[PDB]
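Here is how names work: the chains are called A, B, and so on, in the same order as the sequence lines, proteins then strands, and each is numbered from 1. Side chains are part of it too, since the values below use all heavy atoms of this structure and drop only hydrogens, waters and symmetry mates.
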Amino acid sequence: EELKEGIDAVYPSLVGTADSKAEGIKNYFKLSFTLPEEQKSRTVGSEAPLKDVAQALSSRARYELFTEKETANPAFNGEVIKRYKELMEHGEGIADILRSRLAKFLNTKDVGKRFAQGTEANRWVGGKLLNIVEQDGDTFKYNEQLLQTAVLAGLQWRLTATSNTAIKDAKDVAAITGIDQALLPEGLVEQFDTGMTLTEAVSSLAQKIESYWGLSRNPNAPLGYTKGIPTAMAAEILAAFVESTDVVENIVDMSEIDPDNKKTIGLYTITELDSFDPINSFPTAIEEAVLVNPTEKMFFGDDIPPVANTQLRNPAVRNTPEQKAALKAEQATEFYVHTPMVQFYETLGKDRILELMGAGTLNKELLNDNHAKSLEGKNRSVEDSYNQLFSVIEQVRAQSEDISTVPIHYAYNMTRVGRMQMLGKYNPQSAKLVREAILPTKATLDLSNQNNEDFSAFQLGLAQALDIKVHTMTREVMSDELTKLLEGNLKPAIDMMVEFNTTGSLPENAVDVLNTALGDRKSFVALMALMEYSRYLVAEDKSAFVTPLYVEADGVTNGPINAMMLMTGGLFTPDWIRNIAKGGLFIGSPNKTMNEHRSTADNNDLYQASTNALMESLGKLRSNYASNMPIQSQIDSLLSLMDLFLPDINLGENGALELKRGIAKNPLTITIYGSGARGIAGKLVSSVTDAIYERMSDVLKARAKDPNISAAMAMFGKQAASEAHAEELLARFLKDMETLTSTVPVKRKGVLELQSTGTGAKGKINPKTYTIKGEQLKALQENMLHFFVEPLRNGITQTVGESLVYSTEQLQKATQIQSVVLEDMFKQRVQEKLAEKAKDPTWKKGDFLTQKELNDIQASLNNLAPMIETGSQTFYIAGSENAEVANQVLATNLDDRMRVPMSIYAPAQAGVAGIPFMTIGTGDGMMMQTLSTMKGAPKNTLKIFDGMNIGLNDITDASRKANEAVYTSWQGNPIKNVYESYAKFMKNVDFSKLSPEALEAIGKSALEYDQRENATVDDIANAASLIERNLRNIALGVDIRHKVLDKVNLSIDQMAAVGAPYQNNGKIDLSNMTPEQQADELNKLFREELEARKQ
DNA sequence: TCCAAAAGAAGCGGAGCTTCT
Ligand SMILES: Nc1nc2c(ncn2[C@@H]2O[C@H](COP(=O)(O)O[C@H]3[C@@H](O)[C@H](n4cnc5c(=O)[nH]c(N)nc54)O[C@@H]3COP(=O)(O)OP(=O)(O)OP(=O)(O)O)[C@@H](O)[C@H]2O)c(=O)[nH]1
Ligand SMILES: O=P([O-])(O)O
């Protein structure tokens, strides 16, 4: 252990003594880090990192010599070198700001003088950077090596951080803001998704800094310093970037939104470089110069990504061997640029792509304020995708003379729910714009005869891309629907694209031509279809047409169907047989396809089935209050308002209700996964208000074109036949808004009662500022909840089955109870350790625990089985990083601001997370994993979780393999996996040890409401063990069901489009039987199997 | 209670209580 000597030799002049027991100032940098056995950073040992790296960046020859490589990325040319020269000079400016900020900190309140006199200011939350200073006469100065290396990290972060951030949705913004998700003001989500929170910015910066410093953390040093020092440095660099205007800080006052929200929340936005900045073409020169093993880079040719050892953001969970094999397979796939699409995008240009695929130029006064904010977010996503694609294209273009010949590989990792995620925001898996420009799919096709199988494959790809629902009709019928479209409405766009694929020119009205031809079929993949068909038309050799056009083998109501197959536990029922067939499990129908099912047997998918059940439940609710005119009227008004604005709700002239599957799509999915009804009500209301705000811009558009337009024709002219007819749609609108905001349903003793809000809407509508908000939004939500969402939930349960609902409830309860215990025991062992440390004279409050101490606490929980194992996947439901364990500031900047909480990897309560973790994981996650690793695994695909893009040459075999992979996943038993973990947990848990908080948390899950109050430890223990029994019985039923199903003749077409179903070749023939007959025979086999078990 | 990543700021003082034009 000559590690102390080693690091002291590199940093001999840092203030203090590297001995935790020494009496004076102790140096916590040298106490916290060691030199690595093998070099990680080329700046370790450098007297002047900025000068050294700037010299390295100054020429190709110098770069190659610094990095010890033969050749540099060809994108690193003269123009890029000139930009890095200028960036390096800016690095000097950042360094200078930092030095001045230190000087100010040392001067203020005599901190420097006191520090020199022995005040341990280096251990304060704002003084941890004093661990990297050196005595300088009557003052102190930064160690230049550590300062300059940190600045290099700062520069790289500045270049590429924005592109690397997570996407914020409504739930994220709700957690951040503390505002109820259903009540988030319009445009707030966009505001927060465009910026980084303090924790987001500092943590990403701190990671980079620690990486570039290139040392290893001492396992026996307190986290207050190992995490604290790089975090303190990050905070200072963020502050310096704010001074330099590289970063804008915006402190958002929540009280202007919710007046009793006291939170003021910092948002940090990096100043964007010009889209045409040469540095965009190679933004990682610093990273690839400093680090021996760079993270940030593109992988060209045979440069392939390494395989990740651990689950994304879950370092306690190693990727299994099967998972690692899947990752290797996906990373091995070669992606290539499709030049025609790149040229098309380029020729249209950014402005016209925004006009076509976004919202175009916004006239902020033909626009409702709320609608305007939604349109800004639409533009932002498309624009960022476009810019990112072209930066990537510029880098590819440097690699060779023919950009279409340059292989590209992408890094992937497994997420906590077992999905293979392509790393990055703007890649083929995540970004539709990019997905049509960079593809692994490729085929050489004989399209000389429109009767070829090759031409049929080509047609299928075109049709699917053009929004023909290819899984709902046979290949033959598809062909005719496509032909009708190509020769009809799409013809003008095809002609335009033929001209483009001849001369390279587009007409001035290109956007209008595409818009009018496509209508609601418009998408990036639709643009690919127009491109590829027109290319075929002009092709000189149609017998060898080369195209990346693909067919997606795409899951049919995938999550719900997987849940039903994986977690239904009872005897077989005929309703279940009928409903599961809607997802492509066919019993007694050899070689049956989804296409045939939809066309000849049942045109109603699982969404339509639940929508139909909603119509029944709604009808019953209307009957239970038949005599109640106020209630009937309130329901009518809700339905009227929805009919006005949503395509999926239609009221006929005689009051006949038609609901389309579209309204049940998200509600169905999220309900199984443990979503409450209130959140669904919120989302349905948001869909309505979105449409209202959109219609208000339609009004402003009408008025400007025609000053003497009536308010009725302005708002309902596109929807009506006469002027007075538009007047009745307007009368409906104002009547509906008044009654739905001034009156709400409340459930009192099971019966719905109407209550006045006192906060009804009325007054002249100002279409520009019109906003539904606060108490008015709450009211619309309460109406939606009781008169629509509740019936829908009843319909959903009827459709997926009460048995599945029971399984998911037991799953939720078991995993929640386990997570509560894990969280509480981890916290107690931490608190017990802190009580010991307080007796240690070397320890100070704010120093936390060491990594060794934390690992020992993590290891101590292992007899509680925190991990779920399936044999090929590992799930850690409780795994989190949170600020609650340490409950303290980690570091601040030198102005006593940017106070970053100390976050710790620790178990936290699951809530309902167990349901989606296991359903997604053992369903689509296992499917894809299997597809990547099975015998004859399809090559050259793009997997997107529950769909896989396949090149036209291999659509048949790849689809059949996909259906086989579904079948393989259907041999899983997630409840059994949960049971095995929970049973071990039950063997080792002591409920008497839990805090009354944890004990209450468990009570809610394990006990009926009337029993929470004050039940005993032994009560909740006995209730928790009953859940173990429930799990065991469910797991047993599932096992039997899968075994029995596998004995029978099955045709599986869940990954549908192509009509290539997987046959299980089970030997019991259930053909020419009704579902009732089939249920009887399956239940006979079940009881047979149950008897073999008992005997 | 849907999931795939968390996540107030800042004066005084040197942690953690306090207050929030
Ligand atoms: N908890 C949960 N799960 C959700 C969900 N929406 C969907 N899921 C899960 O995915 C399957 C299949 O859904 P699908 O729409 O066919 O395919 C999606 C999906 O796999 C994934 N995805 C989008 N949003 C979410 C999400 O909010 N959560 C999760 N876990 N997954 C999501 O991405 C696929 C779409 O990829 P693509 O870029 O091609 O986009 P599309 O062309 O489909 O159009 P777009 O609007 O962008 O999606 C479900 O059965 C379920 O298990 C949800 O809200 N919550
Ligand atoms: O066109 P699809 O949605 O049936 O694959």
Does A:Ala175 reach a base, just sugar-phosphate, or nothing at all? Heavy atoms under 4.0 Å.
nothing
Test: A:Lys26 and A:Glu120 ion pair at under 4.0 Å
yes
Taking any heavy-atom pair under 4.0 Å as a contact, classify A:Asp896: base, sugar-phosphate, or nothing.
base
Which part of the nucleic acid, if any, lies within contact of A:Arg419, taking any heavy atom under 4.0 Å across all strands shown: a base, the sugar-phosphate backbone alone, or nothing?
nothing
Check this one for me: any side-chain N or O of A:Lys1004 less than 4.0 Å away from OP1 or OP2 of B:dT1?
no
Regarding B:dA7, can its base be found pairing with the side chain of A:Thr197 as donor and acceptor, where the two atoms are less than 3.5 Å apart?
yes
Considering only heavy atoms and no angle criterion, is a donor-acceptor pair shorter than 3.5 Å present between the side chain of A:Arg899 and the base of B:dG11?
yes
Considering every strand and a 4.0 Å limit on heavy-atom distances, what is the contact class for A:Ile915: base, sugar-phosphate, or nothing?
nothing
Now, which nucleotide makes the Watson-Crick or G-U wobble pair with B:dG16, with each of the two distances under 3.5 Å?
B:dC12
Between A:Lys827 and A:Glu997, is there a salt bridge with N-O shorter than 4.0 Å?
no
Can you check whether any acceptor in the base of B:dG14 is under 3.5 Å from a donor in the side chain of A:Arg114, or vice versa?
yes
Are a donor atom and an acceptor atom from the side chains of A:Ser903 and A:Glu881 found within less than 3.5 Å of each other?
no
For a quick check, tell me whether the side chain of A:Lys109 and the base of B:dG13 share a donor-acceptor pair closer than 3.5 Å.
yes
Hey, does the side chain of A:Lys263 come within less than 4.0 Å of B:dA7's phosphate (OP1/OP2), counting only N and O?
no
